[PDB]
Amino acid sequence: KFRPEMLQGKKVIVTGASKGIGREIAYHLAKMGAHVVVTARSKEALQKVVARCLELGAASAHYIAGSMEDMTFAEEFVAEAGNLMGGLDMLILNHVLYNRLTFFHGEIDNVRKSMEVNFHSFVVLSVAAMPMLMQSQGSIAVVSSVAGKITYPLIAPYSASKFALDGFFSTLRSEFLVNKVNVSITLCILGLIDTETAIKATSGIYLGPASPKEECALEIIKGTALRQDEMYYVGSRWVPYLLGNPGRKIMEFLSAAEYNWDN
């Protein structure tokens, strides 16, 4: 069970923090007395956030700005950021490439770019951060979407990348348990959330309800802090049990007794 002080003094990277969910993640961590390095492309907007973060109780608040389409920038960024903070407790992977909701028409360069931005970078950031996460016994929050467990018409490129996140990071969870690595990995499954970029992108296309950016941020923090395997905030109490696949839990358990562990 959660208390705010499980974040006070903790060092933390929020990505996609220049607006929406990511912006609020950063704010609440700052009400908690956390140190943050926040990141995104748009410098102005990032200063606007560090400043408010300091105005609300963060221990420190720096920003670094760059495109995550850029793997060296991902690598380097992680290092500056640890160095700024004396290390790292929790890595919040929250950014994404912007996509319109249309039928797919052959746009390969879109499938590719969305794969870089929403999957490859997550893994590099993760790989750069791992030494300090290991020493800290810390945590990585992998922000994803109902569209990373099922599929909606209009976002094939997006969903491919979010599906890949489950597959890669879930396997990483399971290796870490077996090897007694105490870096937790919380896959965060978000129903629609009322960010401007997602109101603007769905008006007159998707009709379902939208849950609030502020709580969505918070719940991400909470489930990451509690070392939850998964954190569903999809606007319902029932629906997580229809997205989370008991079939798969059962299968993963059984299948594990089919390895020669000793070897």
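Start at 1 with the first residue shown and count on from there.
If you average the C-alpha B-factors over 72 to 80 and over 144 to 152, the higher value belongs to 72 to 80. Averaged over Cα atoms, the B-factor as recorded in the entry is higher for 90 to 98 than for the other of 90 to 98 and 158 to 166. Take 25, 13, 254, 242 and read off each C-alpha B-factor from the entry; 254 has the highest. Ranking 30, 220, 64, 49 by Cα temperature factor from the entry places 64 first. Per the deposited record, the Cα B-factor of residue 227 falls in the middle third when ranked against the other modelled residues of its chain. Among the modelled residues of the chain, residue 126 sits in the lowest third by CA temperature factor in this PDB entry. In the PDB entry, residue 248 places in the lowest third of its chain by CA B-factor. Per the deposited record, the Cα B-factor of residue 114 falls in the middle third when ranked against the other modelled residues of its chain. Per the PDB record, residue ranking by Cα B-factor puts residue 139 in the middle third of the chain.
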